[PDB]
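Q: Experimental structure below, sequence on top.
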Amino acid sequence: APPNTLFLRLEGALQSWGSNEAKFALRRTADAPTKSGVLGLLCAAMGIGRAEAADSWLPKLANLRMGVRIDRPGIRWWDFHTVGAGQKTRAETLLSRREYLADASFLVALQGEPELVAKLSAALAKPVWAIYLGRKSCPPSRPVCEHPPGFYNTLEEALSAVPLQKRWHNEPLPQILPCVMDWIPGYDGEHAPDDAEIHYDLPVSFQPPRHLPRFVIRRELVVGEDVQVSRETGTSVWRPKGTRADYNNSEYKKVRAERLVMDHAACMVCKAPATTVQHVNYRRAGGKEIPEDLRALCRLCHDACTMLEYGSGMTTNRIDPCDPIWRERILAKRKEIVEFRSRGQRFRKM
Amino acid sequence: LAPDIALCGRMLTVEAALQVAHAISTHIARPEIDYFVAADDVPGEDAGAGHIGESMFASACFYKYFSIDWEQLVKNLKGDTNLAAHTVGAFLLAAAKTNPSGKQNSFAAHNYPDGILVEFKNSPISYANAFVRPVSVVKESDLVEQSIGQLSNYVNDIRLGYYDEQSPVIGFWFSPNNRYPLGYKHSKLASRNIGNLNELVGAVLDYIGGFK
Amino acid sequence: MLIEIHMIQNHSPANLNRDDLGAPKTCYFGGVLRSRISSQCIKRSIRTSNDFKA
Amino acid sequence: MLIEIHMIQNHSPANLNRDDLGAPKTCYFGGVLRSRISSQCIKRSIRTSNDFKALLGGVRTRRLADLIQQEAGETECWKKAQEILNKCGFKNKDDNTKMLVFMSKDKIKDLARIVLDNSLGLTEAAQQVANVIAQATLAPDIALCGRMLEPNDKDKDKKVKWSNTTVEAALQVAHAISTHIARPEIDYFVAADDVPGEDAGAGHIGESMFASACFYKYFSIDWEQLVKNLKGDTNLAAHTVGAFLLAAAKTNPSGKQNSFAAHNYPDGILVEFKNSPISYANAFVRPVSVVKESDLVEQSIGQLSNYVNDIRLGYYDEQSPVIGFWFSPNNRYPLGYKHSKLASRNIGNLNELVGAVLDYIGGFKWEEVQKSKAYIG
Amino acid sequence: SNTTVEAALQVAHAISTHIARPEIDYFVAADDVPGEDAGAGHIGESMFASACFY
Amino acid sequence: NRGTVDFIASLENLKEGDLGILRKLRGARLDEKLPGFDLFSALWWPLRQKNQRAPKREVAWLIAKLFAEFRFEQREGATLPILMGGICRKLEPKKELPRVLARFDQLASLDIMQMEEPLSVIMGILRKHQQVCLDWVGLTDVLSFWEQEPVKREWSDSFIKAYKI
Amino acid sequence: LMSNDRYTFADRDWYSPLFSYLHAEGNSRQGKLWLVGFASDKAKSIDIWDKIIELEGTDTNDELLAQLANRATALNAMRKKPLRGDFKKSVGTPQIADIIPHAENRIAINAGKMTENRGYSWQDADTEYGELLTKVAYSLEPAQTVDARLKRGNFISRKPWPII
Ligand SMILES: [Zn+2]
């Protein structure tokens, strides 16, 4: 089946779709992408300049029906923007305020002719020029060409075949999804209904910018009956590995014996029958260590090594007994253990 | 034919190439206040009339995003590809070693980036969705390493989901003396992890067309 | 071709952008408040710079 | 050319800077709580010291009429001096106080000779004192901190003409931050009655707050800006640079010092000449934590050396290198862990360090630049 | 009039030259006249320490 | 956890001699005196070699010393913030309550090495108000995972819930 | 455009003229009301906007309507209060001023009910600031201690105060 509709995902950290009430200094977003807004994004996708687009490309593109579904309705944030005149000639500074929509997501569906939709979707996979969201200081956070086309039906049906993506586990959700749709003719309701508002977003020209009124209707959707909630992919919260060493799984129990044969049953520093193994590099533990990470030791020398690294703040690189810099401290601790230990206490505890 | 007009745009058609976006921090904003007092050099010891004021400051770890249109820049220079490459390198140096001048005579926050990633792709994107969870600091980490780790996780997820389709992506992760690698294994999360700004500029320039 | 540059930059306690009142510029993303340095502030620092003049 | 100074200091339990509530000043860095000394405290405590005495050519006050009155030895013109100052543009804020004016101590004689003159009017007197105030920007302390004087105009009758009263600063002092987490503590005090016979009893536990910290301090001086600020005096600029370094090395903010007495000294001073300013505060995004055997200062210096080495290997360009000297008291604390040395010199005396700094800056000598003496009073 | 005199003596707090080791003393008061020795209680807590001060 | 429960049971299995051995060593490290090292090793090492999520050496040493000087019977639902909230809502709110609140709030800015003495102060306050029970296991887990934010949030939330009854 | 003393920028001054027009032979319904507002200082023009209002309600008490036509002063008094109490001339909390234009745009959805108190009230509108003042307080008092929790609890309770 030939494609009928086209899907656009508009979501970023900041975005702003200006309205006609922005006349002198205060620039305001309306609530949602407009027809003239998205049909400058499509025009910049196929590389059509401000001239040569009004006479040819705009009338065919304006012959479309589009609807916007709103999730994360956005929080309006204002910005104090100053333009420095000078740095006519004066040292004056012009002040203005600009409005942005923070943390918003919009799904736009444009329905029309099949091959025009195919050309538009082919253009969106590699846009000719830079693509932003309303103003050039607002890049998208998700790819615009993220959902495939299809031979769907009228805009309410086209705004139901997209899942509602989430981002983390306890992400709050709205039960209602308001949607804004273009009015539809048909000669039964040939006159505009009572609940229809008027928007000035029908583009004709861009360099001497020209906009025409367009009747706009509003509807609603409910999650669970029309749109199914999806789930996030990947991992968001990042934590260091930090694998605590285990002395009970089979892999470490075989690696330890392999190391105890690699050194011929001799403690490394004092050269006595080794009964234990001490790690050096800790960033392999949990059952993935290599025999080169481990060094064989006896009870006295490993107790001295444990004493020497109790509160030293060593995370991954621990004491290496083969290092000839740690020899003196290990020998002194061994002498202290020989002088002060009591075998009776250890024999009594076990 | 000046670089300052073709790349940045008009002084005050001539469509530019830069897409400097708003720099948004990767954690909870923590505004702090300062109670300064305009002290008097002459002692006087009379007529106090307290001079308590307030000035707000903050400290944050910002994620900054930039884009450059190569075709638009080339059309702006009408064919001087060497000049275009030189301007790209100059911007790569400048945007890395330049800070805003707001209140730097009292705070002097002359810090340097802790990691720059240069990518080439067809569609545009911004990794702002990586820090949808504010970064919480733990015992064996700092804020910078955790921000870089979250960026690595998002890059891993994107390259697992959005890749192939006869369009492989290329990364050029950089860090000063490689103190902050972008993840561990996973094909190093990008191409070569290099530790010098000049090497990064050279790598990008030699990737674009084998320039100088 | 579309070159993209991403940077992570930790800053000392400072005040690099201001509202009309004096506070640092902020924004909202992810359910919290985040400190923000505006787009037109960064473009003005990159332009008219001694690095970009040399 | 920029001269940067990075210092590591450790302080005894004290309270060198407090807010309106009396608690020591803190801040947030790296997601943890640090301890802070405000930059305006460091600048004031440096410029008002026994080491910066010869270069204190500026003054900051609202009572300029009192200065005019004390400059003479008669009944003076105190009321009409305040009337002239009201005519100037230093209007009373909410009909109270004045506006801060930074001016040289040299040019007050012109103010005395102009205000007292009777062969003129109030408007011309106001214009003349405004003109001489706008040309009082030649002092070592005004050449570093910078100035910005702007009247509210609410009293500008389009009769007093003003000029370029702003002086671009040459010295940028950062807020000092602790290299570790902040641990504030509360000292509890009771004021005791001297009379042995009280015949009463009631709890009167007071509340004082203090903290001890290892501070990292950062300074920056623009050499080319100092020449323009001082109109082209290389000797005066060199003397100011040397005296500022010597004062910053051996001074502390005079906070609650009669009860805590925490006159400590830095354990490391690194002075570097650069083309663009760089701060090393990112060394301490990970806080310094003590271990079984460690100085806090030694660990802090090791972290500083690690980050300095990382920056030098990372942001390296042969077009403009950086050369720096590292000073410790009798080489008590070497830069690092006796490995990966970076500093081009290892000084062990502060005077030799200042002499080497001046020698690199202009080939001057410290015993030679002391001849450039500013206003002392 | 002026009732402020600048102090000519600076005294610092005395800190020990080693890690402090606080200790607890468990006193119990004794009744001189004999009574009932069935859980006399009064296990007290007196904190004290010995240190080499600077 | 199970290593923590076994560790607490082993600590309560001790007699007066070993408790005195641990009591003589308050304010000291682990690598200083041989009898304390031997006793703690013989009490802790089999549990560490069996259970992978046993408490770390520093945390276990701190709990051992605190149990030595401040012997409290193990009970569930008697966490430190709950008892501090129960005690704190009995004093005047002008002088004493801010002092005890500051003492309790000092703990958030300390790491695990420099925390024996403030915890000893808090447990001395608990002992002065005739307390004979404590949750050693929950305190051990909280100290094991301390630098995180949710653990401190739950600590302060439990304190508020006990204080505002 | 600028926020100064005695004015905090909140946008959409629809509440200002809804007293005088509803006081002189205008207390009817006549369908829906439409306000056209042009703002300028001396010679320089600042802004032009318009607002539609569903006004099919009944009459209203004069006191509550006069309190409604004082929201600019109420919000300025909200913003001017400092964090811990310093007075003098402080700008109060500027972070509150960033969230005011979003909360006022949510209130303006139910602007017909708000005027005639037919389902809305000032105390009903005070609950809109609760969702955002918690997010502001998590930034203003970021410590995980106990006094910080009490400070957040006291800061959350800020509401505009109707004055005439
Ligand atoms: Zn051995």
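A: On my side now, so go ahead. Numbers count the residues shown, from 1 in each chain, chains lettered A, B, ... in the order given.
Q: Now the phi/psi pair for residue A:115, please.
A: Backbone torsions for residue A:115, taken as degrees, to the nearest 10, come to phi -70, psi -30.
Q: any idea how far the spatially closest residue to it that is not a sequence neighbour is from residue B:77?
A: Leaving out its chain neighbours, the residue that sits closest to residue A:115 by CB to CB, 6 or more residues apart in numbering or on different chains is residue A:2, at 7.8 Å. All C-beta atoms are positioned from the backbone trio N, CA, C, and that covers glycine. As judged by CB to CB, to the nearest Å, residue A:2 and residue B:77 stand 42 Å apart.
Q: Neighbour count: those two, which is higher?
A: Neighbour count, other CB atoms under 10 Å in any protein chain shown: between residue A:2 and residue B:77, residue B:77 has more, with 17 against 11.
Q: my read: that one touches residue B:6, true?
A: Yes - using CB atoms under 8 Å, residue B:77 makes contact with residue B:6 at a distance of 5.7 Å.
Q: you'd agree the residue nearest to residue A:115 is up against residue A:149?
A: No - between residue A:2 and residue A:149 there is no contact under CB under 8 Å: 9.1 Å.
Q: Quick check: neighbours shared by those two?
A: Residues touching both residue A:2 and residue A:149 (CB atoms under 8 Å, 6 or more residues apart in numbering or on different chains): residue A:118.
Q: Would you map the strands across the stretch 201-350 of chain A?
A: For the stretch 201-350 of chain A, the strands defined by DSSP state E, counting those that start in this stretch cover A:210-222, A:276-279, A:294-297.
Q: typo on my end, chain F
A: All strands of chain F, identified by DSSP state E, fall at F:73-74, F:133-134.
Q: Just the residues contacting the first one, thanks.
A: Okay, so that is strand F:73-74. Applying CB under 8 Å, 6+ apart, the contact partners of strand F:73-74 are F:8, F:12, F:132-137.
Q: again, but for the last one
A: Residues from elsewhere that reach strand F:133-134 (CB under 8 Å, 6+ apart): F:72-75, F:78, F:80, F:83, F:123, F:126.
Q: Off-centre distance for stretch F:124-139?
A: Relative to its parent chain, stretch F:124-139 has a centroid offset of 9 Å by CA atoms, centre = their mean, to the nearest Å.
Q: In this structure residue B:33 contacts residue B:54, no?
A: Yes - using CB under 8 Å, residue B:33 makes contact with residue B:54 at a distance of 5.4 Å.
Q: which residues does residue G:32 bridge with?
A: residue G:54 (DSSP bridges).
Q: how much space between it and the ion?
A: Going from residue G:32 to the ion by CB to the ion, to the nearest Å gives 93 Å.
Q: Which of the helices or strands spans residue A:72?
A: Secondary structure from DSSP states H and E places residue A:72 in strand A:65-84.
Q: could you give the angle of the helix or strand following that strand to strand A:65-84?
A: Sequence-wise, the next helix or strand downstream of strand A:65-84 (DSSP H and E) is strand A:93-111. Compare the direction of strand A:93-111 with that of strand A:65-84 by axes from the mean of the first three to the mean of the last three CA atoms, to 10 degrees and you get 170 degrees.
Q: Strand A:93-111 vs chain G: in contact?
A: Yes - on the criterion CB under 8 Å from any CB of the partner chain, strand A:93-111 is in touch with chain G at A:95-97, A:99.
Q: Output that strand in CSV with nothing but the alpha carbons.
A: Only the C-alpha atoms of strand A:93-111 are listed here, as CSV (Å, rounded to 0.1, in the frame of the first residue of the first chain):
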residue,chain,number,x,y,z
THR,A,93,20.9,48.6,24.0
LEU,A,94,17.6,47.2,22.9
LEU,A,95,15.8,44.9,25.4
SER,A,96,13.3,42.2,24.6
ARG,A,97,11.8,39.0,26.2
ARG,A,98,11.4,35.7,24.4
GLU,A,99,9.3,32.7,25.4
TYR,A,100,10.4,29.1,25.1
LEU,A,101,8.6,25.8,25.7
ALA,A,102,10.7,23.7,28.1
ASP,A,103,10.4,19.9,28.2
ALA,A,104,7.8,19.4,25.5
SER,A,105,7.0,16.8,22.9
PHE,A,106,4.7,17.0,19.9
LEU,A,107,3.7,14.5,17.3
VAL,A,108,2.7,16.0,13.9
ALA,A,109,0.8,14.0,11.3
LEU,A,110,0.5,15.4,7.8
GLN,A,111,-1.8,13.6,5.4
